[PDB]
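*Asks:* Quick mapping for you: the protein sequence lines, in order, are chains A and A'. A prime marks a further copy of an entry chain.
Here the first sequence stands for residues 20 to 523, 530 to 654, numbered as in the deposited numbering.
Here the second sequence stands for residues 20 to 523, 530 to 654, numbered as in the deposited numbering.
Even for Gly, the Cβ is constructed at its ideal location relative to N, Cα and C.
Mind having a look at this structure? Questions to follow.
There are 2 protein chains.
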Amino acid sequence: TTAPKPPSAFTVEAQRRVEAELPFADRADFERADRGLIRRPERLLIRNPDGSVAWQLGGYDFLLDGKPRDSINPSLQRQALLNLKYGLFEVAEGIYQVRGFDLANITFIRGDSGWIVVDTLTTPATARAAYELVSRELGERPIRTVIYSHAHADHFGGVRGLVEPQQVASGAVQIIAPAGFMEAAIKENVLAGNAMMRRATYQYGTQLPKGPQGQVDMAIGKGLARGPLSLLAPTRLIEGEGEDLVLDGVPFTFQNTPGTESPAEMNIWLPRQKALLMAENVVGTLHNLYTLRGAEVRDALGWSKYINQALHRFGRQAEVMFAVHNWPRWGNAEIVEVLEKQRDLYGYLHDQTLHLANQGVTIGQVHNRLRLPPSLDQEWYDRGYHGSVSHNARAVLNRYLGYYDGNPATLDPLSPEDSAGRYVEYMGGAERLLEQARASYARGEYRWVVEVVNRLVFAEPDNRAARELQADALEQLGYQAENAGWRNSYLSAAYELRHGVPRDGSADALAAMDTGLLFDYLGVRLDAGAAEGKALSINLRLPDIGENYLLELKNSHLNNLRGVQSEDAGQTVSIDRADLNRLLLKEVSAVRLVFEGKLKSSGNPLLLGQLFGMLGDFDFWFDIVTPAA
Amino acid sequence: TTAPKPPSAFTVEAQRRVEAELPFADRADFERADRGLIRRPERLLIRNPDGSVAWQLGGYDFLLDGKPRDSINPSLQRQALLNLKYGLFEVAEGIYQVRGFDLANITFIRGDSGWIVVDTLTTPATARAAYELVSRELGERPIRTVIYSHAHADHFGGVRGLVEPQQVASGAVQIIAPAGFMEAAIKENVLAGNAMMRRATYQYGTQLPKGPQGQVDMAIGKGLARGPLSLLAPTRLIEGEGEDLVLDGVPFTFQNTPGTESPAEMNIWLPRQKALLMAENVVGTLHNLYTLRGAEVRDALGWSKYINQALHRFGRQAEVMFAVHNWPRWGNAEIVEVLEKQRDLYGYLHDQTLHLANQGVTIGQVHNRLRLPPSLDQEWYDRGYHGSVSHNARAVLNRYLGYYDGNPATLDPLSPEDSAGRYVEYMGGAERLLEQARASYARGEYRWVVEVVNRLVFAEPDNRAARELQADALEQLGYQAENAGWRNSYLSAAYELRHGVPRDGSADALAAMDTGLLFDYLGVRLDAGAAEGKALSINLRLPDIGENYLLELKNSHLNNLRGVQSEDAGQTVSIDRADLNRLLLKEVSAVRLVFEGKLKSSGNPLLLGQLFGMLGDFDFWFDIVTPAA
Ligand SMILES: [Zn+2]
Ligand SMILES: [Zn+2]
Ligand SMILES: [Zn+2]
Ligand SMILES: [Zn+2]
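Pasting the structure below:
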């Protein structure tokens, strides 16, 4: 059968264990998540211009009764219900947030003559919906300043729903961001982007229903709104360690925290309200040092130290602390404790992973050895909803020591699909493997079962009995998972094994991409077969941005060098970056650009075309839980 | 049996394949490695002050006949013999190197009144031995300037064998280094240092004999000299993109290449000789993006681009190119080709790994899919002696996507020792596993055998038959390995499985360590059991360096904050950094320091002691190829 199964007796026992181990009697977050509520609109439905649905919360109604469901980790279900506390909220005098209109919060700070807005959600429709809620309840006021707390799409993505380029060009609207914003906003999502995006369908459970045996929450929010990604460049950057500014009468201190949750990030202190906005450094969950979709590993040490810096600068005077995800904390003592514990949470994960590692504990072992001490374990905002202790400890270890466990048995490993046949033969064949796996399954050993049955799936990807048992065990692991990404991953893997994989660009984002990175990405697109034995060089001049690049294709590799031209280039191309962007977005033809006097050439006029024709594409729905089709 | 076996028929066939695939007819390196030879001292033996042996080459005599040995990859044996071309060499007029006195080269550039020296080898005795060779052959001249090409111990480690602090303090001797030198010199070897050091015994094959069935070479040199590590701080730093200086009459251009082979590194162009010293950016081998001992992953993209920058700045005029490992290349056309190919080598590894990854190829697969194109494959300096294509492709992938293959079967893996019993049971028990493994072994399937028998070793680490078969298969893989680190690793793993693991600090290095890092490392040493439930804070003042730190132990985590003091610290300690260093090196007692007026306290005088008593140690010889003892 290819539908979700009930929680097994072992999964039920594991949920009961969670209830026995975690302080469910501490219900204060429920009072925190409702504090200062102005308006929870009855039934949220946000639509995009093209008529698609950006966001809705109706699929979560199953959670509203608060009745325990054994196909959901009870700690996750707690978080799931808390993230359902949406609407417009007062945080402190003249400080409001709209929560639950998207993954992140949007923050409205009352200036003398209009709003200062922190962050803008993921897509313009949710930002616009949020601003309309604000206007209906608090009165319409112009937005004078948008601040990006950090360079993530769930923060800058909805900006055009709030402001238009004309307002920025006139100086009617300022956009403030931490230094390094533009570099970080685009960079990490590019070179490995297709891999990340596809792996992200698992993390986000994009093919799962909302329900008790599908997607229930995304830890830092319910989920990510769907729609166009927008991005408007900052007009002012917060440099160095930070800056004090006054915006529309309101004093702001920005504290840069480069290289924590994002390469470009800053906390915001508001001395008049004694309000401390901890960007995404401190949220209602342990965050990712490594996000499973795939990314660079984050620096827990810097993260801890920047939280400590904020603690000693502001925490020591804060009356309310709030963030760009989840709900605020009020009370200086509570704030001081949350700051210390989150500081020590990242500090501990970092230091104790390395302590274990220096004892010889490997990347393959550390998650089964490292445990938070009670003082850190027993806080809800320390729980592994978004990041997990498990995968973060492996991440620290990977950061310092890399992927290889130091055991040469694993140094030159056969691909899973090339060793799988022999695993299966050594275990007595598929039928025998399944027999033994089913007995294991019957003992609740799902972490083992998914390991060993995965071998048979990789040996025999059409073996329907193997896929369905693998799926069953993964699903129990999903039910069991406190971590929303782990849950979604497990259930998505079960979905694809049971059903198969599906068989049916942002202009702003491209505009924000550095030219060197763009050509780095084209070099990633290069088909090595097509490039072999070729050599060509092209001077590229982009006059609107006053940049020249030398492009050199040689030895099946595309090079680009900023600020260099070669007298020996076969071709020299002059084209505005804006027009190159249109070209790569298919919004204009190369021929038309030439006719408009927008794409110019000397030398061999064919080389750039030849280079473009060597560029391959990537299919999105690549296989994950079986070998390639 | 517990001694090395002959190469098997399959290993013999694999060596013959190497000979068929690689351009052994291209012997020019042999003429390159001998070019400009002034003196090869007959029998090199370098001794440390304490009477230990720093370095000798006599153990390599087996290689001198040049006779093929089937227990050595023939491509590696070629490299092994070339790295034996030691002694004093002329590179170009007034430019000399001593090669083969240590892992790296030391370079002597004739100034008007003395030497400018680039790098200093690993330990003072080898540097001193090298300088004596130079003085005997070329005449003694004072060293006026030492330049560190980059922040690695095989480059700065032998500095006290050349110069003394007094000469630096008087301005008699300048030390020039790339900006970021001091930060990088110590940093990466610290927090994960014990793990790295122990894993390094495998990479370096420190327990292997020199011989055909042990250690034969270390790719970028024969091996690493043994002895005290010294480090003297630079007196002048090369800032920004680089600088042009004149040293003792000789013009130098330094080209910073931060974040390639090292975070702090620079190439050196010598316009008078048209000599281009490519630091360790370009050496006679593919280098590591990830060094198996364990380290941060290096940036192949920046590495490629910095090589391209050097190509277009200098390569275009160079007459000789040489490096801090291996031998020079002469001839502008040859230099241009080596620069392009090395640029495209790192570029290709980077771009094609990501191309494959964006197609869904995982970290567990990519090394079995990615292959260099012939133009890059067929050069000796592109061969995987030091880095390997295999482990570097996985490294690129790990850098962008992390350790996790995206398949949730592998998301929450049991430790090898916790799943091993079940692998063994599913395969019919130890005796049955061994039977099937031996049949596989007999078919030459060593990469499979080491995978599956490793399971039995982890289930039954005292199973002598399992250990010996595992060892046998690993050893054949070692014989087969072109990569010196892979070879050494495989043979070391075979050594420890057959024999077991052994059952029986640098003042300069500690001095060079930032105070924050030092306390970061103490926090790594913290025993979490001892720390639990404790809280203490200490203001630490270090007046010789004019630095204050706030130390806070809470929630089983030690925090330190630079430039902060707390009115609520339980204790305030004032101590010179120099004296703290002595204390941690056990060169002085805390009591004596107090008596000398060197360690001062107010508040609770017990806290610092309490904090120190919570600090654990790490045993060096942890298990790698079996579960912990
Ligand atoms: Zn973020
Ligand atoms: Zn966010
Ligand atoms: Zn180096
Ligand atoms: Zn080196």
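Helix, strand or coil: which one does DSSP assign to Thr220 of chain A'?
*Replies:* If DSSP states are grouped into helix, strand and coil, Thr220 of chain A' belongs with the helices.
*Asks:* So is the beta-carbon of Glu299 of chain A under 7 angstroms away from any non-hydrogen atom of ligand 2?
*Replies:* Within the chosen limit of 7 angstroms, ligand 2 reaches the beta carbon of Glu299 of chain A through at least one heavy atom.
*Asks:* Does chain A have any CB closer than 8 angstroms to the CB of residue 529 of chain A'?
*Replies:* For chain A', the structure lists 523 followed at once by 530, and that leaves residue 529 of chain A' out of the model.
*Asks:* Opposite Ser599 of chain A in the DSSP bridges: which residues?
*Replies:* A:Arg566 and A:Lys625
*Asks:* Are the Cβ atoms of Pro26 of chain A and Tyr498 of chain A separated by less than 8 angstroms?
*Replies:* Cβ atoms of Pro26 of chain A and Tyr498 of chain A: closer than 8 angstroms.
*Asks:* Taking DSSP as the reference, what is the three-state secondary structure of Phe175 of chain A'?
*Replies:* helix
*Asks:* So, does the CB of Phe643 of chain A' fall closer than 8 angstroms to a CB anywhere in chain A?
*Replies:* yes
*Asks:* Over the uninterrupted beta strand (DSSP E) stretch that includes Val117 of chain A', give me the two end residues.
*Replies:* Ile114 to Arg118
*Asks:* The beta strand (DSSP E) spanning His582 of chain A covers which residue range?
*Replies:* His582 to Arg587
*Asks:* Does at least one heavy atom of ligand 1 sit under 7 angstroms from the Cβ of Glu464 of chain A?
*Replies:* no
*Asks:* Checking contacts by CB at 8 angstroms: is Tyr514 of chain A closer than that to chain A'?
*Replies:* no
*Asks:* Looking at the C-beta of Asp648 of chain A', does it have a partner C-beta in chain A at a distance below 8 angstroms?
*Replies:* yes
*Asks:* Flag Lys104 of chain A' as yes when its Cβ comes closer than 7 angstroms to any non-hydrogen atom of ligand 5, and as no otherwise.
*Replies:* This structure lacks ligand 5; its bound ligands are ligand 1, ligand 2, ligand 3 and ligand 4.
*Asks:* Who does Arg483 of chain A pair with in a DSSP beta bridge?
*Replies:* DSSP output for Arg483 of chain A lists no bridge partner at all.
*Asks:* With H, G and I counted as helix, E and B as strand and the rest as coil, what does DSSP make of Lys104 of chain A?
*Replies:* coil
*Asks:* Taking its Cβ as the centre, do 16 or more other Cβ atoms sit within 10 Å of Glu284 of chain A', making it buried, or is it exposed?
*Replies:* buried
*Asks:* Within 10 angstroms of its Cβ, does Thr597 of chain A' collect 16 or more other Cβ (buried), or is it exposed?
*Replies:* Buried, because 16 or more other Cβ atoms sit within 10 Å of the Cβ of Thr597 of chain A'.
*Asks:* Ligand 4 heavy atoms versus the CB of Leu122 of chain A': any closer than 7 angstroms?
*Replies:* Taking the Cβ of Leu122 of chain A' as the reference point, at least one heavy atom of ligand 4 falls within a distance shorter than 7 angstroms.
*Asks:* By DSSP's criteria, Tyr309 of chain A' is part of a beta bridge. Which residues make up the other side?
*Replies:* Its beta-bridge partners do not exist; DSSP assigns none.
*Asks:* Looking at the C-beta of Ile382 of chain A', does it have a partner C-beta in chain A at a distance below 8 angstroms?
*Replies:* yes
*Asks:* Give the DSSP-derived three-state secondary structure of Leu578 of chain A' in the structure shown.
*Replies:* Three-state DSSP puts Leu578 of chain A' in a strand.
*Asks:* Tell me, please, whether the CB atom of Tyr419 of chain A is closer than 8 angstroms to any CB atom in chain A'?
*Replies:* yes
*Asks:* Do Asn377 of chain A and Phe643 of chain A' have their C-beta atoms closer together than 8 angstroms?
*Replies:* yes
*Asks:* Going by alpha carbons, who is nearest to residue 527 of chain A out of A:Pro568, A:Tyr325, A:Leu320 and A:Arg62?
*Replies:* Because chain A is numbered from 523 directly to 530, the model contains no atoms for residue 527 of chain A.
*Asks:* Candidates A:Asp69, A:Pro60 and A:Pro87: which alpha carbon is nearest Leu76 of chain A's?
*Replies:* A:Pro60
*Asks:* Leaving out five residues on either side along the sequence, give the residues of the same chain with a beta carbon under 6 angstroms from the beta carbon of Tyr365 of chain A'.
*Replies:* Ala319, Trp322 and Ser323
*Asks:* In the region 439–456 of chain A', which residues sit with their C-beta less than 9 angstroms from some C-beta in chain A, listed in chain order?
*Replies:* Hits within the stretch, in order: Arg441, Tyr442, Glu444, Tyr445, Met446, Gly447, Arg451, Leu452, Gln455 and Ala456.
*Asks:* Using the beta-carbon of each residue, which ones in chain A are nearer than 8 angstroms to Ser508 of chain A'?
*Replies:* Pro427 and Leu430
*Asks:* Tell me whether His369 of chain A counts as near ligand 1, meaning its Cβ is closer than 7 angstroms to at least one heavy atom of that ligand.
*Replies:* no
*Asks:* Measure from the C-beta of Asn580 of chain A' to each C-beta in chain A and report whether the shortest distance is under 8 angstroms.
*Replies:* yes
*Asks:* Just to confirm the assignment, what range does the beta strand (DSSP E) spanning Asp263 of chain A have?
*Replies:* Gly261 to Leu266
*Asks:* Is it true that the region 63–74 of chain A meets the region 241–257 of chain A, where meeting means three or more beta-carbon pairs spaced less than 8 angstroms apart?
*Replies:* yes
*Asks:* Determine, using beta carbons only, whether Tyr460 of chain A' comes closer than 8 angstroms to chain A.
*Replies:* Chain A contact via Cβ: absent.
*Asks:* Looking at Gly176 of chain A' and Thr126 of chain A', is the spacing between their C-beta atoms short of 8 angstroms?
*Replies:* no
*Asks:* Give me whichever residues DSSP pairs with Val137 of chain A' in a beta bridge.
*Replies:* A':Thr126 and A':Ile166
*Asks:* Could you tell me which of A:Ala146, A:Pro231 and A:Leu264 sits nearest to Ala99 of chain A, measuring between CA atoms?
*Replies:* Measuring from the Cα of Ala99 of chain A, the nearest candidate turns out to be A:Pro231.
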